[PDB]
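Working notes, structure below.
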Amino acid sequence: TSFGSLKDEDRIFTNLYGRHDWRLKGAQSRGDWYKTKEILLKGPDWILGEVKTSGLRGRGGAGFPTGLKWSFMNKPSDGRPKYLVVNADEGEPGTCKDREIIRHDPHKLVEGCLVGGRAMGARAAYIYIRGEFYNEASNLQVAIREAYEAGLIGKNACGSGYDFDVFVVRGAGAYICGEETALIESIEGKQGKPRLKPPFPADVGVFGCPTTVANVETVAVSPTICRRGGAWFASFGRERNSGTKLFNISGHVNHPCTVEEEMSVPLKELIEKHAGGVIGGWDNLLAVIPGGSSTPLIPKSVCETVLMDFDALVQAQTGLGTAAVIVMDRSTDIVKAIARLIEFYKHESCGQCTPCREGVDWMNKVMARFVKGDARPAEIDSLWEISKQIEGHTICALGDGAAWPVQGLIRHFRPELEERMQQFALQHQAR
Amino acid sequence: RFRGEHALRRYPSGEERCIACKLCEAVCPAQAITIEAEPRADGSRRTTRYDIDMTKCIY
Amino acid sequence: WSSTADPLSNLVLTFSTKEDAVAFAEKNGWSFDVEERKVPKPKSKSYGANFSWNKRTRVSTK
Amino acid sequence: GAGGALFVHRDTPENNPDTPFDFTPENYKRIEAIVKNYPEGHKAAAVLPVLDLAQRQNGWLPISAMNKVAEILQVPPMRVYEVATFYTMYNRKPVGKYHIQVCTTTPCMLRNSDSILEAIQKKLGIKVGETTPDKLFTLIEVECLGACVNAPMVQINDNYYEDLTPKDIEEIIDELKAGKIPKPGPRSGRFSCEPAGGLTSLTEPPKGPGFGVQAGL
Amino acid sequence: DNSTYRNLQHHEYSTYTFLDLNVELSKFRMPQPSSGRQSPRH
Amino acid sequence: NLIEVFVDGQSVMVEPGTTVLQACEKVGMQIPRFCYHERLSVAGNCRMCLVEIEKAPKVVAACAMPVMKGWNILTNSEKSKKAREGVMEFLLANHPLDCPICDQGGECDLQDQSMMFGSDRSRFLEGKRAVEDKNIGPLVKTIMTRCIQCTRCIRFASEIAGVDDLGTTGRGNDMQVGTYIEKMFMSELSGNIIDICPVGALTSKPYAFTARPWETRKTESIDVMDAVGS
Ligand SMILES: Cc1cc2nc3c(=O)[nH]c(=O)nc-3n(C[C@H](O)[C@H](O)[C@H](O)COP(=O)(O)O)c2cc1C
Ligand code: SF4
Ligand code: SF4
Ligand code: SF4
Ligand code: SF4
Ligand code: FES
Ligand code: FES
Ligand SMILES: [Mg+2]
């Protein structure tokens with residue numbers, strides 16, 4: 001079976017590109033804020049079942065069943081408040097979808113927050129938006145004010161008797177505060193260093209209360225799933241990879257953009273259709289990073305026949321991640337690009353725990369020596385081993401994600417590294 | 001490699017090399033070395049007493 | 001140098017049990033003082049207590 | 001890449017606990033509005049918004065400002081110092097009137113971000129971490145700013161200028177130094193993240209309310 | 001009409017737009033829960 | 001009721017909420033640690049105490065992971081040994097070569113656990129990190145190039161002594177421990193940070209350079225400076 005060629009009548013995120021009104025009047029002109037009271041009266045179990053049938057997976061990196069997570073938070077109350085934290089710290093390089101959703105579909109985001117809060121029995125929803133997105137945060141606040149004035153959220157939300165608050169928390173610059181436990185720590189006015197698990201956020205979250213952290217895209221697609229079916233959402237995509245997805249195609253491509261497509265569209269077709277293809281044509285392709293910095297890269301051979309899907313990319317020794325497709329053509333320094341990614345991880349490391357802190361600095365130094373050839377061929381395996389020592393021995397997943405691009409570079413472009421080292425040795429021995 | 005009479009060396013600038021680390025005192029088989037140290041006037045880690053009993057040393 | 005006149009200044013003996021040590025001391029005739037072994041008491045540790053909703057165990061830093 | 005900024009404080013006449021700083025009455029109203037976004041008994045959660053407000057009022061964060069925030073929120077000044085030194089958007093040193101931040105990560109590096117940086121350096125005659133003699137412009141490099149598809153891009157006082165070329169960034173700098181406020185957004189004729197050639201999706205009018213609503217819902 | 005950028009309201013914001021909106025939203029909120037103590041250090 | 005856990009296949013009954021480290025302690029095995037102190041809170045950031053559960057693909061932090069029913073804790077497994085070697089490699093990669101001029105010397109946990117649980121060789125071919133030394137009074141001498149960022153002094157300061165003038169400033173590999181200002185950590189319980197620091201970063205200033213741990217003779221007496229009788 002073939003996937004892709006999504007129809008505008010089925011694309012969830014209308015008003016993308018900001019060609020229409022993003023206010024409450026415009027959002028209500030589309031399907032937003034329709035029978036929300038009826039959904040709330042249907043209640044938590046109905047919403048959870050609908051999400052589980054739709055088979056939605058986490059859209060902000062690691063893809064876990066959102067139905068399972070929200071059911072985890074669906075435990076009975078114990079005398080403590082309940083919070084839904086919506087992650088909007090779009091710090092992963094290559095990713096712009098959350099920015100587009102916040103800037104052009106803020107009422108969709110707010111309705112999704114209300115629906116998720118009803119599903120989880122949450123009194124409040126804190127939308128943690130990164131501090132660079134000042135205008136996006138202001139648009140979100142204006143949309144929240146319009147919703148409150150219209151009575152859609154607040155006390156007796158949508159005329160359903162459910163009391164729900166929506167606060168917007170602007171963070172500072174911290175790709176680590178992008179993480180869920182670091183998100184929780186920064187909301188509490190602390191440094192923003194990830195916690196250990198257990199306790200899980202669904203058990204002890206922000207302020208020590210049960211919280212559920214969900215991505216902006218996930219919460220935004222929740223109310224459309226509720227109003228529509230979820231058999232429909234499951235129909236779009238593969239068997240265990242259902243729904244639509246926002247892809248940010250960027251890099252050495254003709255028409256970099258953000259688009260919405262199905263969950264199993266082949267990478268080559270997506271690049272050739274929605275981006276105009278590589279600048280020098282498909283024969284000029286060198287490598288593609290399909291999920292932002294965290295996911296490894298794949299060469300042209302793998303990209304020739306590969307599906308932009310969770311399992312399809314996992315089978316290719318990669319990951320879907322945030323569906324950020326960075327394209328590199330033949331006329332690029334792949335070693336320098338990976339060194340720049342590792343330098344990014346060095347700057348954004350929170351420094352709490354020894355493996356990531358020390359090892360990421362060490363890998364940055366080794367890569368910086370690699371890009372100029374000032375190394376030996378025996379250091380490639382040493383770099384592989386130290387990257388394997390960082391992965392799985394850290395508190396959070398930033399350390400794991402700082403080793404995967406290195407592993408991908410070593411796995412697919414070892415001849416380039418060896419050639420550069422040999423060239424440097426010849427250049428220096430001529431003195 | 002000949003092992004004869006002992007000596008305490010200096011850096012080319014004239015500073016004494018010994019830093020009162022007491023590794024020689026720890027490793028001496030015959031316990032011939034007695035070292036006592038304290039911070040110097042300039043704050044360096046230097047010895048005030050460094051004795052070797054050459055009748056106890058086994059060279 | 002530091003001098004001494006006590007033959008038994010550096011003498012330390014190792015025993016597996018208090019009863020063995022006391023038996024040795026008694027048969028060799030020296031007086032002895034026995035000190036009971038001190039073991040740390042078990043302590044309840046929890047990482048989740050660092051983020052209590054209403055208790056004072058919440059930490060201000062990490 | 002060395003950061004170049006220390007994380008220890010040496011008292012100076014321009015930066016010491018006796019430096020005068022106190023919030024305006026309007027900012028005190030804003031503080032009391034921010035404080036009640038969090039449960040009672042958790043006032044320490046407002047450290048980041050209050051510190052950001054202090055920075056927005058004063059232009060940067062003197063140690064007196066940090067102490068004032070700590071006093072207002074009844075939190076330890078060491079905790080405030082931890083937050084301030086941890087988060088990079090807080091200026092613990094005076095900056096220029098316009099704080100240019102050029103993104104240099106890989107998605108922006110694949111496009112000519114180095115050309116943008118070089119054009120800014122030549123236009124202003126300053127290095128990559130210095131300030132203009134007239135205290136008007138400061139230039140730094142930063143990591144991904146969330147506008148990768150519109151690379152290369154810079155941020156100048158919470159405004160994104162995207163799809164930049166050396167000519168465009170020079171024009172923006174000229175407009176800033178003249179006195180005008182340039183319009184933020186792409187400079188390549190695009191309005192937003194849409195593909196440059198034309199809309200490959202969302203070409204038809206959106207469907208109205210209740211298009212494919214479930215039978216029961 | 002699908003050819004004009006309608007998100008043009010953001011070429012007017014100032015330094016205190018976000019916090020002023022937050023002040024305006026203060027009226028519509030609901031009473032915050034309490035931990036029973038004024039501070040973790042109390 | 002007590003739950004049954006297994007350490008290297010040996011059964012042991014522990015109360016629910018007991019950590020892997022405490023279960024191994026009950027069976028008599030002391031797991032390596034740097035940031036864990038039983039008198040302080042659980043931090044779990046040095047990552048030295050990682051152990052392998054028999055069926056778990058991922059190693060767990062022994063100092064913070066509560067035991068579940070029927071867990072087999074493989075303390076001396078290949079994964080555990082490799083985890084310890086990696087963590088020790090990172091620590092000694094950034095540490096300075098100050099052992100002979102260091103008061104910690106022969107009573108250093110970094111040295112002992114490096115000799116017992118780490119490798120015997122170094123793969124670090126880069127430059128090291130040097131950190132400016134802070135001043136916190138006349139009692140404690142700080143040489144912060146030797147710090148391993150275990151945050152014991154921070155947790156002790158706040159929790160035990162009620163003084164919140166210690167913390168971490170900055171982030172990444174440039175993370176530093178200090179007051180961020182010229183402030184003296186003067187308290188009636190200051191030398192205990194000298195005791196709990198596993199490395200020579202915090203050392204006694206009156207005791208500086210005078211002796212080495214192996215020379216000294218230990219006499220067990222009591223204290224007469226106050227009526228507590230320490
Ligand atoms: C915008 C955003 C940024 C994230 N950044 C990070 C990060 O830096 N490190 C990390 O380990 N996880 C990161 N995550 C993943 C979170 O830890 C967590 O998995 C996610 O927020 C949960 O959302 P989901 O249920 O929709 O997947 C990020 C997630 C989002 C949405
Ligand atoms: S892995 Fe890195 S970013 Fe994550 S907790 Fe450890 S030091 Fe912080
Ligand atoms: S104490 Fe002994 S081993 Fe140490 S520096 Fe002095 S002479 Fe050398
Ligand atoms: S702290 Fe330990 S490992 Fe470091 S210099 Fe001192 S004795 Fe050596
Ligand atoms: S100074 Fe010592 S106790 Fe404090 S964090 Fe560093 S190593 Fe730990
Ligand atoms: S890489 Fe520059 S905006 Fe993301
Ligand atoms: S002792 Fe457990 S991570 Fe430090
Ligand atoms: Mg010490």
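How things are named: the first chain in the structure tokens is A, the next is B, and so on; residues count from 1 in each chain; ligands count from 1 in the order shown.
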Next on the checklist: Taking only C-alpha atoms and all ligand atoms into account, list the residues no farther than 7 Å from ligand 5, as an MDAnalysis selection string.
Outcome noted: chainID F and resid 35 144 147:154 177 193 196:199 201:202
Item to check | Within 9 Å of ligand 4, counting only C-alpha atoms and all ligand atoms, residues as JSON, numbers by chain | outcome: {"F": [92, 95, 96, 97, 98, 99, 100, 101, 102, 103, 104, 105, 106, 107, 108, 109, 110, 111, 112, 114, 145, 146, 147, 148, 198, 199, 200, 201]}
Go ahead and write the residues just picked, C-alpha atoms, as a compact mmCIF listing (two decimals), in the first residue's frame.
```txt
# COMPACT_ATOMS: atom_id res chain seq x y z
CA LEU F 92 39.69 11.21 35.85
CA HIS F 95 40.59 15.78 37.12
CA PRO F 96 43.97 17.51 37.71
CA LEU F 97 47.30 15.81 38.37
CA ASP F 98 47.59 17.14 41.91
CA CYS F 99 47.83 13.97 44.02
CA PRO F 100 51.29 14.65 45.55
CA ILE F 101 50.36 18.26 46.45
CA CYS F 102 46.84 17.30 47.62
CA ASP F 103 45.94 16.95 51.28
CA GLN F 104 43.40 14.25 50.44
CA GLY F 105 46.28 12.11 49.21
CA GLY F 106 45.99 8.63 50.65
CA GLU F 107 42.41 9.01 51.92
CA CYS F 108 40.75 9.92 48.62
CA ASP F 109 37.64 8.13 47.41
CA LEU F 110 38.49 9.02 43.80
CA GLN F 111 41.85 7.26 44.17
CA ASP F 112 40.52 4.20 45.99
CA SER F 114 39.73 4.30 40.70
CA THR F 145 39.95 22.28 39.99
CA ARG F 146 39.62 19.02 41.98
CA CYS F 147 35.83 19.28 42.34
CA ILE F 148 33.81 16.51 40.70
CA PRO F 198 35.07 13.03 48.45
CA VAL F 199 37.99 14.83 46.78
CA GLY F 200 40.55 17.41 47.85
CA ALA F 201 38.55 20.41 46.65
```
Checklist entry - chain B: which residues are strand (DSSP E or B) by DSSP, as a list in words? => result residues 10, 16, 33, 34, 35, 36, 37, 38, 39, 45, 46, 47, 48, 49, 50, 51 and 52 of chain B
For stretch 53-146 of chain A against stretch 49-60 of chain C, with a cut-off of 12 Å and counting only C-alpha atoms, what is the closest atom pair and its distance in Å to one decimal for every residue that makes the cut, ordered by chain and number, as CSV?
```
residue,atom,partner,partner_atom,distance
A:79,CA,C:53,CA,10.7
A:80,CA,C:53,CA,8.1
A:81,CA,C:53,CA,9.6
A:82,CA,C:53,CA,11.7
```
Checklist entry - Restricting the calculation to only C-alpha atoms, which member of D:8, D:70, D:181, D:83 is positioned closest to chain C? => result D:83
List every residue of chain A that has an atom at most 10 Å from any atom of ligand 2, and for each one report the closest atom pair and its distance in Å to one decimal, counting only C-alpha atoms and all ligand atoms, with rows sorted by chain and then by increasing residue number, as a tab-separated table.
```
residue	atom	partner	partner_atom_place_in_ligand_line	distance
A:174	CA	ligand 2	3 (S)	9.9
A:175	CA	ligand 2	3 (S)	8.7
A:176	CA	ligand 2	3 (S)	5.7
A:177	CA	ligand 2	3 (S)	8.9
A:179	CA	ligand 2	4 (Fe)	8.6
A:181	CA	ligand 2	5 (S)	9.4
A:182	CA	ligand 2	5 (S)	8.4
A:192	CA	ligand 2	8 (Fe)	8.9
A:193	CA	ligand 2	5 (S)	5.9
A:194	CA	ligand 2	5 (S)	5.1
A:195	CA	ligand 2	5 (S)	7.4
A:196	CA	ligand 2	5 (S)	8.5
A:345	CA	ligand 2	3 (S)	8.7
A:346	CA	ligand 2	2 (Fe)	9.0
A:348	CA	ligand 2	3 (S)	7.3
A:349	CA	ligand 2	3 (S)	4.5
A:350	CA	ligand 2	8 (Fe)	4.0
A:351	CA	ligand 2	7 (S)	3.8
A:352	CA	ligand 2	7 (S)	3.9
A:353	CA	ligand 2	7 (S)	4.1
A:354	CA	ligand 2	7 (S)	6.5
A:355	CA	ligand 2	6 (Fe)	7.0
A:356	CA	ligand 2	2 (Fe)	4.4
A:357	CA	ligand 2	7 (S)	5.0
A:358	CA	ligand 2	7 (S)	8.6
A:359	CA	ligand 2	2 (Fe)	9.5
A:360	CA	ligand 2	2 (Fe)	8.3
A:390	CA	ligand 2	1 (S)	8.3
A:391	CA	ligand 2	1 (S)	8.9
A:392	CA	ligand 2	1 (S)	9.2
A:393	CA	ligand 2	1 (S)	8.2
A:394	CA	ligand 2	1 (S)	4.6
A:395	CA	ligand 2	5 (S)	4.6
A:396	CA	ligand 2	4 (Fe)	4.1
A:397	CA	ligand 2	1 (S)	5.9
A:398	CA	ligand 2	1 (S)	4.9
A:399	CA	ligand 2	1 (S)	4.2
A:400	CA	ligand 2	1 (S)	7.3
A:401	CA	ligand 2	1 (S)	8.9
A:402	CA	ligand 2	1 (S)	8.8
```
Give me every helix (DSSP H, G or I) residue in stretch 47-160 of chain F, going by DSSP on the backbone, as an mmCIF file with N, CA, C and O atoms, in the first residue's frame.
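Wrote it out as result-v3.cif, contents follow:
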```cif
data_model
loop_
_atom_site.group_PDB
_atom_site.id
_atom_site.type_symbol
_atom_site.label_atom_id
_atom_site.label_comp_id
_atom_site.auth_asym_id
_atom_site.auth_seq_id
_atom_site.Cartn_x
_atom_site.Cartn_y
_atom_site.Cartn_z
ATOM 1 N N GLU F 78 29.123 -7.787 33.975
ATOM 2 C CA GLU F 78 29.929 -7.106 32.969
ATOM 3 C C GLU F 78 29.415 -5.698 32.707
ATOM 4 O O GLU F 78 30.205 -4.758 32.561
ATOM 5 N N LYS F 79 28.092 -5.533 32.638
ATOM 6 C CA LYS F 79 27.523 -4.207 32.425
ATOM 7 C C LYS F 79 27.852 -3.274 33.581
ATOM 8 O O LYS F 79 28.174 -2.101 33.367
ATOM 9 N N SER F 80 27.776 -3.776 34.815
ATOM 10 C CA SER F 80 28.114 -2.952 35.969
ATOM 11 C C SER F 80 29.579 -2.539 35.941
ATOM 12 O O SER F 80 29.909 -1.370 36.186
ATOM 13 N N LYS F 81 30.472 -3.482 35.636
ATOM 14 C CA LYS F 81 31.893 -3.156 35.592
ATOM 15 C C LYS F 81 32.190 -2.134 34.504
ATOM 16 O O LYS F 81 32.938 -1.177 34.730
ATOM 17 N N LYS F 82 31.591 -2.303 33.324
ATOM 18 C CA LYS F 82 31.806 -1.343 32.247
ATOM 19 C C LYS F 82 31.248 0.031 32.598
ATOM 20 O O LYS F 82 31.851 1.055 32.257
ATOM 21 N N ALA F 83 30.092 0.079 33.266
ATOM 22 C CA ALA F 83 29.530 1.363 33.670
ATOM 23 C C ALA F 83 30.450 2.082 34.645
ATOM 24 O O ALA F 83 30.694 3.292 34.514
ATOM 25 N N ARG F 84 30.971 1.351 35.631
ATOM 26 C CA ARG F 84 31.900 1.957 36.576
ATOM 27 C C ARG F 84 33.152 2.453 35.871
ATOM 28 O O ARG F 84 33.647 3.547 36.167
ATOM 29 N N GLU F 85 33.679 1.662 34.933
ATOM 30 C CA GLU F 85 34.880 2.079 34.217
ATOM 31 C C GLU F 85 34.634 3.341 33.404
ATOM 32 O O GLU F 85 35.474 4.245 33.390
ATOM 33 N N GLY F 86 33.483 3.435 32.736
ATOM 34 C CA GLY F 86 33.187 4.636 31.970
ATOM 35 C C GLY F 86 33.063 5.876 32.835
ATOM 36 O O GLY F 86 33.628 6.931 32.519
ATOM 37 N N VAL F 87 32.330 5.768 33.945
ATOM 38 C CA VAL F 87 32.164 6.926 34.820
ATOM 39 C C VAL F 87 33.506 7.362 35.396
ATOM 40 O O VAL F 87 33.831 8.561 35.426
ATOM 41 N N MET F 88 34.309 6.402 35.862
ATOM 42 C CA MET F 88 35.616 6.750 36.401
ATOM 43 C C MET F 88 36.509 7.358 35.331
ATOM 44 O O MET F 88 37.307 8.257 35.624
ATOM 45 N N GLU F 89 36.382 6.895 34.087
ATOM 46 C CA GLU F 89 37.170 7.466 33.003
ATOM 47 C C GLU F 89 36.830 8.929 32.787
ATOM 48 O O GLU F 89 37.725 9.754 32.609
ATOM 49 N N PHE F 90 35.543 9.272 32.804
ATOM 50 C CA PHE F 90 35.161 10.676 32.640
ATOM 51 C C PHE F 90 35.695 11.538 33.787
ATOM 52 O O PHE F 90 36.291 12.615 33.567
ATOM 53 N N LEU F 91 35.505 11.067 35.023
ATOM 54 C CA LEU F 91 35.963 11.830 36.181
ATOM 55 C C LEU F 91 37.464 12.092 36.115
ATOM 56 O O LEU F 91 37.917 13.241 36.224
ATOM 57 N N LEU F 92 38.253 11.039 35.914
ATOM 58 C CA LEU F 92 39.695 11.211 35.850
ATOM 59 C C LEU F 92 40.138 11.896 34.571
ATOM 60 O O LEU F 92 41.269 12.386 34.508
ATOM 61 N N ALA F 93 39.286 11.933 33.549
ATOM 62 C CA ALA F 93 39.620 12.689 32.354
ATOM 63 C C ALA F 93 39.681 14.168 32.661
ATOM 64 O O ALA F 93 40.584 14.869 32.194
ATOM 65 N N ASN F 94 38.737 14.665 33.446
ATOM 66 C CA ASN F 94 38.820 16.096 33.726
ATOM 67 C C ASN F 94 39.576 16.448 35.009
ATOM 68 O O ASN F 94 39.880 17.627 35.215
ATOM 69 N N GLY F 105 45.196 13.075 49.293
ATOM 70 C CA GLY F 105 46.278 12.115 49.209
ATOM 71 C C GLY F 105 45.892 10.659 49.318
ATOM 72 O O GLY F 105 45.283 10.103 48.404
ATOM 73 N N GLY F 106 46.253 10.029 50.428
ATOM 74 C CA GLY F 106 45.987 8.627 50.651
ATOM 75 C C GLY F 106 44.635 8.289 51.226
ATOM 76 O O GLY F 106 44.368 7.114 51.488
ATOM 77 N N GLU F 107 43.768 9.276 51.449
ATOM 78 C CA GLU F 107 42.414 9.008 51.919
ATOM 79 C C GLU F 107 41.391 9.590 50.956
ATOM 80 O O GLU F 107 40.419 10.221 51.377
ATOM 81 N N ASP F 109 38.559 9.098 47.990
ATOM 82 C CA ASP F 109 37.638 8.131 47.406
ATOM 83 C C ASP F 109 37.820 8.018 45.900
ATOM 84 O O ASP F 109 37.593 6.946 45.334
ATOM 85 N N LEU F 110 38.217 9.101 45.234
ATOM 86 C CA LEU F 110 38.488 9.016 43.805
ATOM 87 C C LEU F 110 39.650 8.071 43.527
ATOM 88 O O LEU F 110 39.584 7.248 42.609
ATOM 89 N N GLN F 111 40.710 8.150 44.332
ATOM 90 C CA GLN F 111 41.851 7.256 44.166
ATOM 91 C C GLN F 111 41.482 5.812 44.462
ATOM 92 O O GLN F 111 41.819 4.907 43.694
ATOM 93 N N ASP F 112 40.811 5.572 45.587
ATOM 94 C CA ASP F 112 40.516 4.202 45.990
ATOM 95 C C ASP F 112 39.539 3.541 45.028
ATOM 96 O O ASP F 112 39.736 2.394 44.615
ATOM 97 N N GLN F 113 38.480 4.250 44.656
ATOM 98 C CA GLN F 113 37.522 3.668 43.730
ATOM 99 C C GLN F 113 38.078 3.602 42.317
ATOM 100 O O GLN F 113 37.638 2.766 41.526
ATOM 101 N N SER F 114 39.043 4.456 41.978
ATOM 102 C CA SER F 114 39.733 4.297 40.703
ATOM 103 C C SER F 114 40.610 3.055 40.703
ATOM 104 O O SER F 114 40.717 2.365 39.685
ATOM 105 N N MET F 115 41.255 2.762 41.830
ATOM 106 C CA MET F 115 42.097 1.578 41.925
ATOM 107 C C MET F 115 41.287 0.296 42.020
ATOM 108 O O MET F 115 41.797 -0.769 41.664
ATOM 109 N N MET F 116 40.055 0.363 42.514
ATOM 110 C CA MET F 116 39.251 -0.843 42.660
ATOM 111 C C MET F 116 38.297 -1.090 41.503
ATOM 112 O O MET F 116 38.123 -2.244 41.103
ATOM 113 N N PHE F 117 37.682 -0.049 40.947
ATOM 114 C CA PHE F 117 36.596 -0.216 39.997
ATOM 115 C C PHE F 117 36.870 0.359 38.618
ATOM 116 O O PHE F 117 36.093 0.090 37.698
ATOM 117 N N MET F 144 39.265 24.357 43.564
ATOM 118 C CA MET F 144 38.082 23.832 42.899
ATOM 119 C C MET F 144 38.373 23.187 41.555
ATOM 120 O O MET F 144 37.431 22.781 40.870
ATOM 121 N N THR F 145 39.634 23.096 41.145
ATOM 122 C CA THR F 145 39.948 22.277 39.986
ATOM 123 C C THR F 145 39.756 20.795 40.281
ATOM 124 O O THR F 145 39.557 20.009 39.350
ATOM 125 N N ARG F 146 39.792 20.405 41.554
ATOM 126 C CA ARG F 146 39.618 19.023 41.978
ATOM 127 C C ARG F 146 38.165 18.650 42.229
ATOM 128 O O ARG F 146 37.889 17.492 42.545
ATOM 129 N N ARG F 152 27.593 17.424 47.151
ATOM 130 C CA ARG F 152 27.443 17.041 48.551
ATOM 131 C C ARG F 152 27.469 18.259 49.456
ATOM 132 O O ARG F 152 26.689 18.350 50.408
ATOM 133 N N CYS F 153 28.378 19.195 49.186
ATOM 134 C CA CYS F 153 28.491 20.386 50.017
ATOM 135 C C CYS F 153 27.235 21.237 49.930
ATOM 136 O O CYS F 153 26.816 21.834 50.926
ATOM 137 N N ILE F 154 26.629 21.312 48.746
ATOM 138 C CA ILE F 154 25.401 22.083 48.572
ATOM 139 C C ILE F 154 24.273 21.475 49.395
ATOM 140 O O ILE F 154 23.606 22.161 50.184
ATOM 141 N N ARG F 155 24.055 20.169 49.233
ATOM 142 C CA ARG F 155 23.006 19.490 49.980
ATOM 143 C C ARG F 155 23.269 19.561 51.475
ATOM 144 O O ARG F 155 22.357 19.829 52.261
ATOM 145 N N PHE F 156 24.514 19.326 51.893
ATOM 146 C CA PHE F 156 24.818 19.446 53.312
ATOM 147 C C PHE F 156 24.550 20.854 53.800
ATOM 148 O O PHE F 156 23.812 21.045 54.767
ATOM 149 N N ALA F 157 25.129 21.855 53.134
ATOM 150 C CA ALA F 157 24.918 23.234 53.547
ATOM 151 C C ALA F 157 23.442 23.488 53.795
ATOM 152 O O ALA F 157 23.015 23.622 54.946
ATOM 153 N N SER F 158 22.631 23.401 52.739
ATOM 154 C CA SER F 158 21.215 23.714 52.881
ATOM 155 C C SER F 158 20.547 22.836 53.933
ATOM 156 O O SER F 158 20.156 23.337 54.990
ATOM 157 N N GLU F 159 20.485 21.525 53.697
ATOM 158 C CA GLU F 159 19.670 20.653 54.536
ATOM 159 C C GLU F 159 20.151 20.640 55.981
ATOM 160 O O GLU F 159 19.365 20.869 56.906
ATOM 161 N N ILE F 160 21.436 20.372 56.204
ATOM 162 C CA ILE F 160 21.933 20.201 57.562
ATOM 163 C C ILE F 160 22.125 21.549 58.243
ATOM 164 O O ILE F 160 21.549 21.808 59.305
#
```
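Residues surrounding residue F:52 within 8 Å are residues 58, 59, 60, 73, 74, 75, 77, 79 and 80 of chain F [only C-alpha atoms; sequence separation below 6 positions excluded].
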Now that the selection is made, can you save its residues with C-alpha atoms as a PDB file, in the first residue's frame?
```pdb
ATOM      1  CA  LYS F  58      19.248  -0.508  31.043  1.00  0.00           C
ATOM      2  CA  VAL F  59      21.385  -0.050  34.149  1.00  0.00           C
ATOM      3  CA  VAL F  60      19.717   1.734  37.061  1.00  0.00           C
ATOM      4  CA  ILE F  73      20.688  -7.313  41.356  1.00  0.00           C
ATOM      5  CA  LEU F  74      23.874  -8.245  39.478  1.00  0.00           C
ATOM      6  CA  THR F  75      26.465  -6.198  41.341  1.00  0.00           C
ATOM      7  CA  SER F  77      28.200  -8.140  36.182  1.00  0.00           C
ATOM      8  CA  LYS F  79      27.523  -4.207  32.425  1.00  0.00           C
ATOM      9  CA  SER F  80      28.114  -2.952  35.969  1.00  0.00           C
TER      10      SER F  80
END
```
Next on the checklist: Just want the 10 Å neighbourhood of residue E:21, counted on only C-alpha atoms, with same-chain residues fewer than 6 positions away dropped. Output as JSON, numbers by chain.
Outcome noted: {"A": [138, 141, 142, 144, 145], "D": [30]}
Next on the checklist: To check your reading of the model: which residues sit at most 6 Å from ligand 7 when counting only C-alpha atoms and all ligand atoms? Write the answer as a list in words.
Outcome noted: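 Listed by chain and ascending number, the contacts are residues 33, 34, 35, 36, 44, 45, 46, 47, 48, 49, 61, 62 and 63 of chain F.
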Next on the checklist: Counting only C-alpha atoms and all ligand atoms, what are the residues, protein, DNA or RNA alike, that approach ligand 1 to within 6 Å? I want them as number ranges by chain.
Outcome noted: A: 58-63, 66, 87-91, 175-176, 178-180, 213-215, 218, 396-398
Next on the checklist: Neighbouring residues of stretch 210-224 of chain F were defined as those with any atom within 6 Å, considering only C-alpha atoms; residues of the same chain fewer than 5 positions away were excluded. Please report them as a ChimeraX atom specification.
Outcome noted: /B:37-38 /F:106,229-230
Next on the checklist: At a cut-off of 10 Å around ligand 6, and using only C-alpha atoms and all ligand atoms, what residues come up? Please write them as a ChimeraX atom specification.
Outcome noted: /A:90-96,250-251,292-293,326,341,344 /D:102-111,113,142-155,160,162
Checklist entry - Residues of chain D within 7 Å of chain E, using only C-alpha atoms, as number ranges by chain? => result D: 30, 33, 38-42, 56, 183, 191
Item to check | Pick from B:20, B:2, B:41, B:51, whichever lies nearest to chain C using only C-alpha atoms | outcome: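 Under the stated criterion, the closest residue is B:51.
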Item to check | Shell of 7 Å around ligand 3 (only C-alpha atoms and all ligand atoms), written as an NGL selection string | outcome: (:B and (17-25)) or (:F and (100))
Kindly save the residues from that selection, with C-alpha atoms included, as a tab-separated table (two decimals), in the first residue's frame.
```
chain	number	residue	atom	x	y	z
B	17	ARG	CA	61.75	20.27	43.77
B	18	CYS	CA	60.47	18.51	46.89
B	19	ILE	CA	56.81	19.20	47.69
B	20	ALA	CA	56.56	17.24	50.96
B	21	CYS	CA	54.44	14.53	49.37
B	22	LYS	CA	56.03	11.85	51.62
B	23	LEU	CA	55.94	9.15	48.92
B	24	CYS	CA	59.62	8.41	49.54
B	25	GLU	CA	58.95	8.21	53.28
F	100	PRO	CA	51.29	14.65	45.55
```
